[PDB]
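K.L.:
First the structure, then my questions, so here it is.
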Amino acid sequence: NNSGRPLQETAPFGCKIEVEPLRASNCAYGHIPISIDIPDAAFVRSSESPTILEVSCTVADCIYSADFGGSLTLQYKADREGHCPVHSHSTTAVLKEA
Amino acid sequence: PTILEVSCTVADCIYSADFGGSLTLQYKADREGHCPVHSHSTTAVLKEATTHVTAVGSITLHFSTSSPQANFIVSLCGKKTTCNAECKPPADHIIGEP
């Protein structure tokens, strides 16, 4: 009668408590360090992937938020047709395309 | 083919036994041929020897260096250009190559 609320409705960080065995699934907190030894086959020499002669960036209207609300345009000059990866090294910016 | 004007742009480089350095030569020449590319430094060695040269374009090449920095002159059909870089320490510890 005086059991109160269960731990499913009070666990912080939105951790879904399940039984058999007792555990907490999808418990988001902190960061995990991961070291990955990528196979040597994946890598390719720079002479194969098209190196780009230069690039210019022009950022369109943007709003800082959770969704991919910001947009930009890259003017690129290169030498061959390929499949470049695009990344942001800043901690406070992420890209939709990789 | 005696090239008219060439310039050097160095990508990420690393000083190790393996060919862990890459660079690009943007060249403007007058004929299609087979220029021999070379390095005029005792602390840097290229991979390719003879490169197909066009009228105008770019060529990507590889090199290995022993200095912490790439401060070395590269020659293409006689024309010399100083490539300036800054090579990081090698990530590995041992190689099965000399």
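We label chains A, B, ... in the order they appear in the structure tokens, count residues from 1 in each chain, and number ligands from 1 in the order shown.
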I'd like the contact shell of region 67-81 of chain B - 12 Å cut-off, only C-alpha atoms, skipping same-chain residues fewer than 4 positions apart - returned as a compact mmCIF listing (two decimals) with N, CA and C atoms, in the first residue's frame.
P.N.:
# COMPACT_ATOMS: atom_id res chain seq x y z
N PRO B 1 59.85 18.63 -72.42
CA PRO B 1 59.03 19.76 -71.97
C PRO B 1 59.63 20.48 -70.78
N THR B 2 60.04 21.74 -70.98
CA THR B 2 60.51 22.58 -69.89
C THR B 2 59.31 23.34 -69.32
N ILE B 3 58.93 23.02 -68.08
CA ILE B 3 57.74 23.62 -67.50
C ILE B 3 57.95 25.11 -67.31
N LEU B 4 56.85 25.86 -67.31
CA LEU B 4 56.93 27.32 -67.26
C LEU B 4 56.95 27.83 -65.82
N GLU B 5 55.97 27.44 -65.01
CA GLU B 5 56.00 27.78 -63.58
C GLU B 5 55.32 26.68 -62.78
N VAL B 6 55.95 26.27 -61.68
CA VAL B 6 55.43 25.22 -60.81
C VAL B 6 55.47 25.70 -59.37
N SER B 7 54.53 25.21 -58.56
CA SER B 7 54.45 25.54 -57.15
C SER B 7 54.17 24.27 -56.35
N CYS B 8 54.52 24.31 -55.07
CA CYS B 8 54.44 23.15 -54.18
C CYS B 8 53.46 23.43 -53.05
N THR B 9 52.56 22.47 -52.79
CA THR B 9 51.66 22.52 -51.65
C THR B 9 51.73 21.17 -50.95
N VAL B 10 52.15 21.17 -49.69
CA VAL B 10 52.44 19.95 -48.95
C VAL B 10 51.25 19.61 -48.06
N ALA B 11 50.83 18.34 -48.11
CA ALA B 11 49.77 17.84 -47.25
C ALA B 11 50.39 17.36 -45.94
N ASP B 12 49.62 16.61 -45.15
CA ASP B 12 50.14 16.06 -43.90
C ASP B 12 51.35 15.18 -44.17
N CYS B 13 52.39 15.35 -43.37
CA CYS B 13 53.64 14.61 -43.52
C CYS B 13 54.08 14.07 -42.17
N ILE B 14 54.88 13.02 -42.22
CA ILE B 14 55.36 12.33 -41.02
C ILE B 14 56.71 11.72 -41.35
N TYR B 15 57.65 11.80 -40.41
CA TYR B 15 59.01 11.32 -40.62
C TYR B 15 59.12 9.91 -40.07
N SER B 16 59.23 8.94 -40.97
CA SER B 16 59.35 7.53 -40.61
C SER B 16 59.95 6.78 -41.79
N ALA B 17 60.25 5.50 -41.57
CA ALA B 17 60.82 4.69 -42.64
C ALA B 17 59.87 4.56 -43.81
N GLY B 20 55.28 8.03 -45.55
CA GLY B 20 54.20 8.66 -44.82
C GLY B 20 54.03 10.14 -45.10
N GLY B 21 54.56 10.62 -46.22
CA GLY B 21 54.42 12.01 -46.59
C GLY B 21 53.84 12.14 -47.98
N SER B 22 53.00 13.17 -48.15
CA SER B 22 52.36 13.44 -49.43
C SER B 22 52.46 14.93 -49.74
N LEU B 23 52.53 15.25 -51.03
CA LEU B 23 52.57 16.63 -51.47
C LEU B 23 51.98 16.70 -52.88
N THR B 24 51.78 17.93 -53.35
CA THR B 24 51.23 18.19 -54.67
C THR B 24 52.04 19.29 -55.35
N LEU B 25 52.32 19.09 -56.63
CA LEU B 25 53.00 20.07 -57.47
C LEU B 25 52.00 20.56 -58.50
N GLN B 26 51.66 21.85 -58.42
CA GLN B 26 50.79 22.50 -59.40
C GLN B 26 51.69 23.12 -60.46
N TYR B 27 51.63 22.58 -61.68
CA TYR B 27 52.57 22.92 -62.73
C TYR B 27 51.85 23.50 -63.94
N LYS B 28 52.51 24.47 -64.58
CA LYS B 28 52.10 25.03 -65.86
C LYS B 28 53.27 24.89 -66.81
N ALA B 29 53.08 24.08 -67.86
CA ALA B 29 54.13 23.75 -68.81
C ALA B 29 53.66 24.02 -70.24
N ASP B 30 54.44 23.57 -71.23
CA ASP B 30 54.17 23.86 -72.63
C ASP B 30 53.96 22.63 -73.51
N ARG B 31 54.20 21.42 -73.01
CA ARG B 31 54.06 20.23 -73.83
C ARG B 31 53.78 19.03 -72.93
N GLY B 33 54.69 15.37 -71.74
CA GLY B 33 55.89 14.57 -71.68
C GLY B 33 56.02 13.80 -70.39
N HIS B 34 57.27 13.52 -70.01
CA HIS B 34 57.63 12.54 -68.99
C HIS B 34 58.68 13.10 -68.03
N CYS B 35 58.39 14.24 -67.39
CA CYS B 35 59.41 14.90 -66.58
C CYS B 35 59.91 13.99 -65.45
N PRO B 36 61.23 13.99 -65.17
CA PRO B 36 61.70 13.32 -63.96
C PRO B 36 61.65 14.24 -62.75
N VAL B 37 60.97 13.82 -61.70
CA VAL B 37 60.85 14.59 -60.47
C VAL B 37 61.87 14.08 -59.47
N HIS B 38 62.45 15.00 -58.70
CA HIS B 38 63.53 14.64 -57.79
C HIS B 38 63.50 15.57 -56.58
N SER B 39 64.17 15.15 -55.52
CA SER B 39 64.37 15.96 -54.32
C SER B 39 65.86 16.24 -54.15
N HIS B 40 66.19 17.50 -53.89
CA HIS B 40 67.58 17.94 -53.73
C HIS B 40 67.98 18.07 -52.27
N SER B 41 67.46 17.19 -51.42
CA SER B 41 67.79 17.17 -50.00
C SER B 41 68.20 15.76 -49.60
N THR B 42 69.11 15.68 -48.63
CA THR B 42 69.59 14.41 -48.11
C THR B 42 68.68 13.82 -47.04
N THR B 43 67.60 14.51 -46.67
CA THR B 43 66.68 14.07 -45.63
C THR B 43 65.27 13.87 -46.19
N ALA B 44 65.16 13.58 -47.48
CA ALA B 44 63.86 13.36 -48.10
C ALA B 44 64.05 12.59 -49.40
N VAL B 45 63.18 11.60 -49.62
CA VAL B 45 63.23 10.76 -50.82
C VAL B 45 61.81 10.52 -51.31
N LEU B 46 61.62 10.66 -52.62
CA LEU B 46 60.32 10.47 -53.25
C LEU B 46 60.10 9.00 -53.62
N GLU B 48 57.85 8.15 -56.70
CA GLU B 48 57.87 8.17 -58.15
C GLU B 48 59.13 8.85 -58.67
N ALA B 49 59.56 8.43 -59.85
CA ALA B 49 60.74 8.97 -60.52
C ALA B 49 60.39 9.79 -61.75
N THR B 50 59.63 9.22 -62.68
CA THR B 50 59.20 9.90 -63.89
C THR B 50 57.69 10.06 -63.85
N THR B 51 57.23 11.30 -64.06
CA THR B 51 55.82 11.65 -63.99
C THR B 51 55.37 12.25 -65.31
N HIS B 52 54.19 11.84 -65.76
CA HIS B 52 53.61 12.39 -66.97
C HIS B 52 53.18 13.83 -66.71
N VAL B 53 53.76 14.75 -67.48
CA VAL B 53 53.48 16.18 -67.37
C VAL B 53 52.58 16.57 -68.53
N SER B 58 48.11 19.41 -62.18
CA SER B 58 48.68 19.11 -60.88
C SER B 58 49.08 17.64 -60.84
N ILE B 59 50.09 17.34 -60.02
CA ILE B 59 50.54 15.97 -59.81
C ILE B 59 50.73 15.74 -58.32
N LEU B 61 52.29 13.46 -55.30
CA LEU B 61 53.46 12.62 -55.10
C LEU B 61 53.63 12.29 -53.63
N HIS B 62 54.40 11.24 -53.37
CA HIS B 62 54.69 10.75 -52.03
C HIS B 62 56.17 10.87 -51.74
N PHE B 63 56.49 10.96 -50.45
CA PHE B 63 57.86 11.13 -50.01
C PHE B 63 57.99 10.67 -48.56
N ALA B 85 57.12 22.42 -44.73
CA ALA B 85 56.09 21.67 -44.04
C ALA B 85 56.46 21.55 -42.57
N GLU B 86 55.70 20.74 -41.84
CA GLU B 86 55.94 20.49 -40.42
C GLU B 86 55.41 19.10 -40.11
N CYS B 87 56.31 18.12 -40.03
CA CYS B 87 55.93 16.72 -39.90
C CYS B 87 55.85 16.33 -38.42
N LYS B 88 54.78 15.63 -38.07
CA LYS B 88 54.54 15.19 -36.70
C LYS B 88 55.36 13.94 -36.40
N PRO B 89 55.52 13.57 -35.12
CA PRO B 89 56.21 12.32 -34.81
C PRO B 89 55.40 11.13 -35.27
N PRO B 90 56.05 10.01 -35.59
CA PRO B 90 55.30 8.84 -36.06
C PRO B 90 54.42 8.25 -34.96
K.L.:
Please, which residues of chain A lie no more than 8 Å from chain B when the count uses only C-alpha atoms, and can they be set out as a JSON list (two decimals) with N, CA and C atoms, in the first residue's frame?
P.N.:
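out.json written:
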[["chain", "number", "residue", "atom", "x", "y", "z"],
["A", 46, "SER", "N", 47.18, 8.82, -50.88],
["A", 46, "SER", "CA", 46.65, 10.12, -51.28],
["A", 46, "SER", "C", 46.64, 10.31, -52.79],
["A", 47, "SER", "N", 47.47, 9.57, -53.52],
["A", 47, "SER", "CA", 47.52, 9.71, -54.97],
["A", 47, "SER", "C", 46.26, 9.21, -55.66],
["A", 51, "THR", "N", 42.93, 14.78, -54.49],
["A", 51, "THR", "CA", 43.27, 15.95, -53.70],
["A", 51, "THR", "C", 42.70, 17.20, -54.36],
["A", 79, "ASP", "N", 41.17, 18.12, -58.98],
["A", 79, "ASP", "CA", 41.81, 17.59, -60.18],
["A", 79, "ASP", "C", 41.16, 16.31, -60.70]]
K.L.:
What does the distance from CA of residue 91 (chain B) to CA of residue 93 (chain A) come to in Å, to one decimal?
P.N.:
26.9 Å
K.L.:
Please return, as a list in words, all residues of chain A that DSSP assigns to helix (DSSP H, G or I) on the basis of the backbone.
P.N.:
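Residues meeting the helix (DSSP H, G or I) criterion: residues 7, 8, 9, 12, 13 and 14 of chain A.
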K.L.:
Write a file of the selected residues as a compact mmCIF listing (two decimals), in the first residue's frame, keeping N, CA and C atoms.
P.N.:
# COMPACT_ATOMS: atom_id res chain seq x y z
N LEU A 7 11.18 2.37 -9.38
CA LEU A 7 12.39 2.97 -9.91
C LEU A 7 12.32 3.22 -11.41
N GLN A 8 11.35 2.61 -12.10
CA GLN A 8 11.17 2.90 -13.52
C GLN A 8 10.83 4.36 -13.75
N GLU A 9 10.09 4.97 -12.82
CA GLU A 9 9.60 6.33 -12.97
C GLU A 9 10.45 7.36 -12.22
N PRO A 12 17.26 8.54 -12.86
CA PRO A 12 17.69 9.70 -13.64
C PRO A 12 18.35 9.27 -14.95
N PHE A 13 18.63 10.28 -15.78
CA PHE A 13 19.25 10.11 -17.10
C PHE A 13 18.38 9.31 -18.06
N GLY A 14 17.10 9.12 -17.76
CA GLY A 14 16.23 8.38 -18.66
C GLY A 14 16.67 6.95 -18.89
K.L.:
Using DSSP on the backbone coordinates, identify the residues of chain B assigned to strand (DSSP E); present them as a PyMOL selection string.
P.N.:
chain B and resi 5-10+21-28+33-39+44-46+50-53+56-65+71-76+79-84
